[PDB]
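Asker:
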Amino acid sequence: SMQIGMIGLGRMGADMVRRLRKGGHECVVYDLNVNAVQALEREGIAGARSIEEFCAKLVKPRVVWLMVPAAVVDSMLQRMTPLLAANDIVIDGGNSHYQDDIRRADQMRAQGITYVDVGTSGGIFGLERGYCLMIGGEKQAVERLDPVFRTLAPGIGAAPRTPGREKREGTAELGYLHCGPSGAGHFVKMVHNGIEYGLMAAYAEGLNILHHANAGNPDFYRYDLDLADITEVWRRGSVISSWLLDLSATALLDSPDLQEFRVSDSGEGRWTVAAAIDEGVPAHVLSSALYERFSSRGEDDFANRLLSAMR
Amino acid sequence: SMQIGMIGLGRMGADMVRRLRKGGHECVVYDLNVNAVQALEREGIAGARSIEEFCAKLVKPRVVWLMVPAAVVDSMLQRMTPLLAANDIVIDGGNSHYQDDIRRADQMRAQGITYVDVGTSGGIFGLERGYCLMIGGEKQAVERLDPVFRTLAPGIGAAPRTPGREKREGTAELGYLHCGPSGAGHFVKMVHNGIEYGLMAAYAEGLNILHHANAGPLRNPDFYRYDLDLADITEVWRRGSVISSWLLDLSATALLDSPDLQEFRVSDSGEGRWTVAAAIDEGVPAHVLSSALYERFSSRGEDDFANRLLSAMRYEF
Amino acid sequence: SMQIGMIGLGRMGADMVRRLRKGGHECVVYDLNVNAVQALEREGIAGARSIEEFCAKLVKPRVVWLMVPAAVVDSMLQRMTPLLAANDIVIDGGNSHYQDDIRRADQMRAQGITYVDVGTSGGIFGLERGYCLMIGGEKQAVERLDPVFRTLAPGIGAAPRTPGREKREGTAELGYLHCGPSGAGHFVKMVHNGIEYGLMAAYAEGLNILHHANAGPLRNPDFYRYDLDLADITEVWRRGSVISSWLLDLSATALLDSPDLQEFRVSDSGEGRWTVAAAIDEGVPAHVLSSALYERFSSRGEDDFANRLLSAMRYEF
Amino acid sequence: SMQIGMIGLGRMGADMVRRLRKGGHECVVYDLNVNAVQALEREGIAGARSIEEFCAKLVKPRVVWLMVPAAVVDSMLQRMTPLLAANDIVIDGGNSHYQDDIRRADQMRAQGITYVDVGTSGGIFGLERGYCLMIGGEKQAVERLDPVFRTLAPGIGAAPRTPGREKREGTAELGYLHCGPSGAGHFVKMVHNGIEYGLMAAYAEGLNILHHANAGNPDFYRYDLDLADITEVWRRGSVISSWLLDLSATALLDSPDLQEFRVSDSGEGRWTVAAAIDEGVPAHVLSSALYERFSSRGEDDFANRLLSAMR
């Protein structure tokens, strides 16, 4: 059992505070936005009206968790570090690029503060089922953080054991993993999202082929397929069953033609392709998934006009 | 409870018979390869030494399941159809292209025989876990076949129910589905395989990026000095991440067994190609399905000539 | 100097007749649409008001060129073949799929008629500049046709000679080529079009990147504040760069005329699809040809359903 | 007529000095490598044995052209700037990324020195036919540089005029172009190369389909095509005629099976895709061209083994 300060009280920050506390830890929360801080006080969680009070309320060695917008992080660290102390641990659990972690961890180390990066997967489902956690930073900090990660993670019961897993040690089976030195956590999280784009694109394209199976040799394209039912049937016994398939089946059940649904993207997909390119790794599928999101917003438009022009 | 004849006694055919039997049905089997029939006979399943005895042993109306190579199907139909009778049902459960089911179904119907296409997924795991079944053909025949599909399929218990399914009926929740008229089962199974290629390619490419995270051209080598444990990472993704799936479970198992996969050219069996062909005909964008297929092609060196041409152009300019 | 009958009097057919005539050949033309024949008759080219008079007017052995829609070809052959004679030659110069040339060539040969496929490139520019011609079919017929191809093609003068060509003969340097037996001309023209899609997509995507260079997510907006002049840039690339080409010349002309292309959904006519189908059958990786095709599909919104599904998944998780 | 210092005497640097001088300009050359400097002295071109002498020999306002490896540029500028003077112009004609130009131009401006970026196209052919030039930087510098660019560029005679080009002014028709402020030159050069990859990939894939047209319904794939002849025929009257096609036809003439030819890549292709991703522009074709080069070196290998594994 530990005391954890949380800065950044959006949905994720607030949900992680709820899970941590429900798991027996003590939380102090802070946010530039007083209504946000006050929402959590209404739930019995200690607040703080400034970064000075927040640091005052946390006993040394401190553990500070950040769930703020990426572009807010450096300013956050600047405002706070002068009240922090050697042996403190600061964790950035947000959507920061791993090269920023490497620089940040360096600056904090110059003041005896250990900076830990955490890539978080699970979104709104994490509250009850736990979050998948990809952790970068110094071993000592990460080991001291163990009780926090155990509460946050799903625990081994979240899935059948992999045959032979008893041959290995570490925490991989619990749903959280120390991936490496500073940055490694966000680096693995980035690629996670890149892969996620690819998986979604593969289902999407495939179902689009089914959706057009009535295009009608028109005689070979006169199928009126039931996509809701087809995705449902794939959940059992097929090679392509997955959480993403489960979600597709749910949506399609509600709305067989998705008529109440332009796809945005948040960065990790983009950063994944950039890392592929730096490393010289072929990334056709991951990049095309990304580009499909761009074109879905009409960013292909000017290329299309030139095509019409030439022709 | 039913009598089912099974032709084609390779791993898949043998396994469905074992599952069929174990689930209370009566099977008679046959294969051009006698060693194969005998092996099932040793298991105490009724055999047959010729197409003739096979048809003879099946009481009318017959139910005949084919698990032969795609290339052997038409000649299996030429050979046995003269012994079959109106109201018999023939099922092709192998990897046939749906356009062939359409033609075949028409031929057989002219003889009062109902031709049913089944795309089956699940492979070696189907014996114990049930096969996902995608079924095309006439409604009457598919309804007659319901007990065989129920036995073969996983059953609702195999996965938690989709919020709202109590609002719907049909068999989808059991792991089998009548997809449409003739060809529809193989059409849907084809796309399932195309999707499967795309899914495997996404994992593979991403894991390849992680694998190269120690690459440290290269502007900041310090940004690429991670020695990542791919076995652990795939394991950790199985709980709480957006990308858990059966394919991940398999990747984790393979990487646990071989962290460098050093004992391992990727083949492709056709359904991936057929899927892209359907996409092209339909005017459906298929970047990722196609690219996953093409990666298999280049993995066999089929890009070699394009590559030499690029090197040569470079030499030229 | 030869007599050539031409059926199909759209822009392309009319232009080849004009070029043919202007180059000293005798043309007789015909089209199901009388207004079209008359228009050429006004130009003082011999017409015909029926398939019958058409064949009647052509001295045996005949040379008959088709420039009709692909979909009209077989019925044009059914209709006129009973009036034709052994040792006649029929040329299909339109956009037929090569597998159809193979079948058609076989049918016609059974009547002593030689069927020749010509893939023609160059479009509206062919009249003054000559058409690139890719020719499939029997050697004897193609040799008999040499004077017609010479007239139709650009001639060696149209581009500087490739260092070493004096080491080789044949007609390639003239802008026409006997590519192989029946279907080979259309096979090669098909891939030419596939390549053309890839080339246009490369320019378009790159110009789109330049077009967005003022985008200033976005880590350093100062790194994207270029307002680039795409008309000037394409113009400057025409001299001294690695990427000058006819397609660039066209891009430059379009952008000069319309820097924002504001008066401009991309269609595709089939050869691009057929090219990817050939690639798939052959096991050839085709990432860029396919992606250029798929971009045309999504430009028509055919991705819409895949997109809604992604939005919905996002909503779900 | 002007005096131009050249630093970096590889093939391009040396070739540009030959073209400049053949065009009436005066050149002083320098290189860390004395044999390189001496090769050019053997041809009657003034050398310099150090960066101090080089700067000494150049009359103010100076014009310094750099053709050094990208990774050498900043060190070059550091060693040299203390001997330079306000009103001097420094040009980086090499393969530098445009964001470096923006930073560099800033630092040089703080000392009254104008920094010009030039993207050069044409390689070994530029000596005789002139180089295509994409120029970024301050208008005043670029205008003062005009006589140098005119000598280097092909001149309008290199190609038929675009109908209506008389409606516009500027130098685009001469083969060189002021593209914008600092970086714009290298930015346009980068995308040039990205496009080049795409064009080469399109021909390569297409010819590979022809090459496999004898794969044999095997009856539909029994064509033995003559690729040398086919590329030759496409040079006249087709839609796809191009310099790149001209080069393909030459190579194939020599070696119909390319048996005496793993494809490397130099960076601009990579940087092009990164810019696409930052801008949210779909880049399927350009990226796949790049990834084909990566896989041609076997970088796909580990992904392929995993595919075999799962299956």
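Chains as they are written, first to last, in the numbering used here: chain C, 4 to 314; chain E, 9 to 325; chain G, 9 to 325; chain P, 4 to 314. In this text, a Cβ means the ideal position worked out from N, Cα and C, and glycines have one as well.
1) Round the Cβ separation of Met203 (chain P) and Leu17 (chain E) to the nearest angstrom and send it over; I've been treating them as touching at under 8 Å.
2) So does the segment 137 to 157 of chain G actually touch the segment 217 to 227 of chain G, counting three or more Cβ pairs closer than 8 Å?
3) Along chain D, which residues have their Cβ under 9 Å away from the Cβ of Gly270 (chain C)?
4) Go ahead and pull the three-state DSSP assignment for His215 (chain C).
5) Curious, which full-length alpha helix (DSSP H) runs of at least 4 residues does the segment 101 to 188 of chain C contain?
6) Following the continuous alpha helix (DSSP H) through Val274 (chain G), name the residue where it begins and the one where it ends.
7) List the residues of chain G whose Cβ lies closer than 8 Å to the Cβ of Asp303 (chain C), in chain order.
8) Between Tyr232 (chain G) and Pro293 (chain E), which are expected to be in contact by the criterion C-beta below 8 Å, what is the C-beta distance as a whole number of angstroms?
9) Could you give the first and the last residue of the continuous alpha helix (DSSP H) run that contains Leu318 (chain E)?
10) Let me know if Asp237 (chain G) comes out buried or exposed under the rule of 16 or more other beta-carbons within 10 Å of its beta-carbon.
11) Looking at chain C, is there any beta carbon in it that lies within less than 8 Å of the beta carbon of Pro285 (chain P)?
12) Is the segment 50 to 63 of chain E in contact with the segment 18 to 37 of chain E, if contact means three or more CB pairs nearer than 8 Å?
13) Which residues in chain E have a C-beta closer than 7 Å to the C-beta of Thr253 (chain P)? List them in chain order.
14) Compile a chain-ordered list of the residues in the segment 145 to 157 of chain C whose CB is closer than 8 Å to at least one CB of chain E.
15) Applying the criterion that 16 or more other CB atoms from any shown protein chain within 10 Å of the CB defines a buried residue, is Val37 (chain P) buried or exposed?
16) Could you please give the first and the last residue of the uninterrupted alpha helix (DSSP H) stretch that includes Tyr294 (chain C)?
17) On a CA-only basis, which of P:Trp274, P:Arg300, P:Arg21, P:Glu146 is nearest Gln102 (chain P)? Give me that one, please.
18) Answer yes or no: does any C-beta atom of chain E fall closer than 8 Å to that of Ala306 (chain C)?
19) Return helix, strand or coil for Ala49 (chain P), following the three-state DSSP convention.
20) Buried or exposed: which applies to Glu172 (chain P), given that a residue is buried once 16 or more other Cβ atoms fall within 10 Å of its Cβ?
21) Any idea what DSSP makes of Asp95 (chain P), helix, strand or coil?
22) Could you tell me which chain G residues have their CB closer than 7 Å to the CB of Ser299 (chain E), listed as they occur along the chain?
23) Closer than 8 Å, CB to CB, is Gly129 (chain C) near chain G or not?
24) Could you check which residue in C:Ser78, C:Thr253, C:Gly16, C:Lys63 has the C-alpha nearest to that of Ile48 (chain C)?
25) Got a sec: which bits of the segment 193 to 222 of chain C sit with their beta carbon under 8 Å from any beta carbon on chain G, in order along the chain?
26) Taking 8 Å as the cut-off, does the segment 197 to 207 of chain G touch the segment 166 to 173 of chain G (at least 3 CB pairs, one atom from each stretch)?
27) Between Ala175 (chain P) and chain G, is the shortest Cβ-Cβ distance under 8 Å, so that the two count as touching?
28) Mind checking who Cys35 (chain E) pairs with in its DSSP beta bridge?
29) Measure the Cβ-Cβ separation of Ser104 (chain E) and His194 (chain E) and say whether it is below 8 Å.
30) Helix, strand or coil for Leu202 (chain P)? Go by DSSP, reduced to three states.
31) Can you give the Cα-Cα distance for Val126 (chain E) and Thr261 (chain G), rounded to whole angstroms?
32) For the alpha helix (DSSP H) containing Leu69 (chain P), name the first residue and the last one.
33) How should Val62 (chain P) be labelled, buried or exposed, when 16 other C-beta atoms within 10 angstroms of its C-beta is the threshold for buried?
34) Measuring alpha carbon to alpha carbon, tell me which of G:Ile97, G:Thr242, G:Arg322 ends up nearest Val150 (chain G).
35) With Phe62 (chain E) as the anchor, note down where its alpha helix (DSSP H) starts and where it stops.
36) CB-CB under 8 Å to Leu256 (chain E), same chain, minus the five flanking residues each way: which ones, in chain order?
Answerer: Taking the structure as given:
1) Working through the fourth sequence from its first residue, we reach residue 203 (chain P) at position 200. Working through the second sequence from its first residue, we reach residue 17 (chain E) at position 9. Actually they are not in contact, since the Cβ atoms of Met203 (chain P) and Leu17 (chain E) sit about 51 Å apart, beyond 8 Å.
2) no
3) Of the protein chains in the structure, C, E, G and P, none is chain D.
4) As a first step, residue 215 (chain C) must be located in the first sequence, where it is residue number 212. In the structure shown, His215 (chain C) sits in coil (DSSP, three-state: anything other than H, G, I, E or B).
5) 101 to 112, 129 to 132, 142 to 147, 149 to 155
6) Mapped onto the third sequence, residue 274 (chain G) falls at position 266. Taken as a continuous stretch (DSSP letters only), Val274 (chain G) belongs to no alpha helix (DSSP H), as it is neither H nor E.
7) Counted from its first residue, the first sequence places residue 303 (chain C) at position 300. The answer, in chain order, is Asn216, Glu303, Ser306, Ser307.
8) Numbered from its first residue, the third sequence carries residue 232 (chain G) at position 224. Numbered from its first residue, the second sequence carries residue 293 (chain E) at position 285. Going by Cβ atoms, the distance from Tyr232 (chain G) to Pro293 (chain E) rounds to 27 Å, so no, they are not a contact pair.
9) Looking up residue 318 (chain E) in the second sequence gives position 310. It spans 312 to 324 - the alpha helix (DSSP H) in which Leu318 (chain E) sits, taken as one unbroken run.
10) Taking the first residue of the third sequence as position 1, residue 237 (chain G) is located at position 229. With 16 or more other Cβ atoms within 10 Å, it is buried.
11) What you label residue 285 (chain P) is simply residue 282 of the fourth sequence in a count that begins at 1. Taking Cβ atoms only, chain C reaches closer than 8 Å to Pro285 (chain P), which makes this a yes.
12) yes
13) Here residue 253 (chain P) refers to the residue found at position 250 of the fourth sequence. Ordered by position in chain E, the residues that pass the 7 Å Cβ test against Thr253 (chain P) are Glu324.
14) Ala156, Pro157
15) For the purposes of this step, residue 37 (chain P) is taken as residue 34 along the fourth sequence, with counting starting at 1. Label assigned to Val37 (chain P): exposed.
16) One-based indexing of the first sequence puts residue 294 (chain C) at position 291. From DSSP, the alpha helix (DSSP H) with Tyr294 (chain C) extends over 287 to 299.
17) As a working mapping, residue 102 (chain P) is identified with position 99 in the fourth sequence. Among P:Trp274, P:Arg300, P:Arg21, P:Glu146, the Cα nearest to that of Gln102 (chain P) is on P:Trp274.
18) On the first sequence, residue 306 (chain C) is found 303 positions in, with the first residue counted as 1. Output row for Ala306 (chain C): interface = no.
19) Within the fourth sequence, residue 49 (chain P) is the residue found at index 46, counting from 1. Strand at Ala49 (chain P).
20) Residue numbering aside, residue 172 (chain P) sits at position 169 when the fourth sequence is read from its first letter. Counting Cβ neighbours within 10 Å, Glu172 (chain P) comes out exposed, since fewer than 16 surround it.
21) For this step, residue 95 (chain P) is matched to residue 92 along the fourth sequence. In the structure shown, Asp95 (chain P) sits in a strand (DSSP, three-state: E or B).
22) On the second sequence, residue 299 (chain E) is found 291 positions in, with the first residue counted as 1. Those are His295, listed as they occur along chain G.
23) Counted from its first residue, the first sequence places residue 129 (chain C) at position 126. Judged by the 8 Å Cβ criterion, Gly129 (chain C) is not in contact with chain G.
24) Counting from one through the first sequence, the residue named residue 48 (chain C) turns up at place 45. Closest option to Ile48 (chain C), Cα to Cα, is C:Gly16.
25) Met203, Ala204, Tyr206, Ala207, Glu208, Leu210, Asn211, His214, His215
26) no
27) Position 172 of the fourth sequence, counted from the first residue, corresponds to residue 175 (chain P). For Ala175 (chain P), the answer is yes, since a Cβ of chain G falls inside 8 Å of its Cβ.
28) Residue numbering aside, residue 35 (chain E) sits at position 27 when the second sequence is read from its first letter. Bridge partners of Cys35 (chain E): E:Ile12.
29) Against the second sequence, residue 104 (chain E) aligns to sequence position 96. Against the second sequence, residue 194 (chain E) aligns to sequence position 186. For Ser104 (chain E) and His194 (chain E), yes; Cβs fall inside 8 Å.
30) Locating residue 202 (chain P) in the fourth sequence gives position 199, counting from the first residue. In this structure, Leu202 (chain P) counts as helix in the three-state DSSP scheme.
31) Here residue 126 (chain E) refers to the residue found at position 118 when the second sequence is read from its first residue. Here residue 261 (chain G) refers to the residue found at position 253 when the third sequence is read from its first residue. Rounded to whole angstroms, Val126 (chain E) to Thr261 (chain G) spans 55 Å at the Cα level.
32) To locate residue 69 (chain P), count along the fourth sequence from 1; it is residue 66. Segment 66 to 69 is the beta strand (DSSP E) holding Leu69 (chain P); no alpha helix (DSSP H) there.
33) As a first step, residue 62 (chain P) must be located in the fourth sequence, where it is residue number 59. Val62 (chain P) should be labelled exposed.
34) The sequence position of residue 150 (chain G) within the third sequence is 142, counting from 1. It is G:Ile97 whose Cα lies nearest to the Cα of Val150 (chain G).
35) As a first step, residue 62 (chain E) is located in the second sequence; it is residue number 54 there, counting from the start. It spans 59 to 65 - the alpha helix (DSSP H) in which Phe62 (chain E) sits, taken as one unbroken run.
36) On the second sequence, residue 256 (chain E) is found 248 positions in, with the first residue counted as 1. Same-chain partners within the cutoff: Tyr211, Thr242, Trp245, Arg246.
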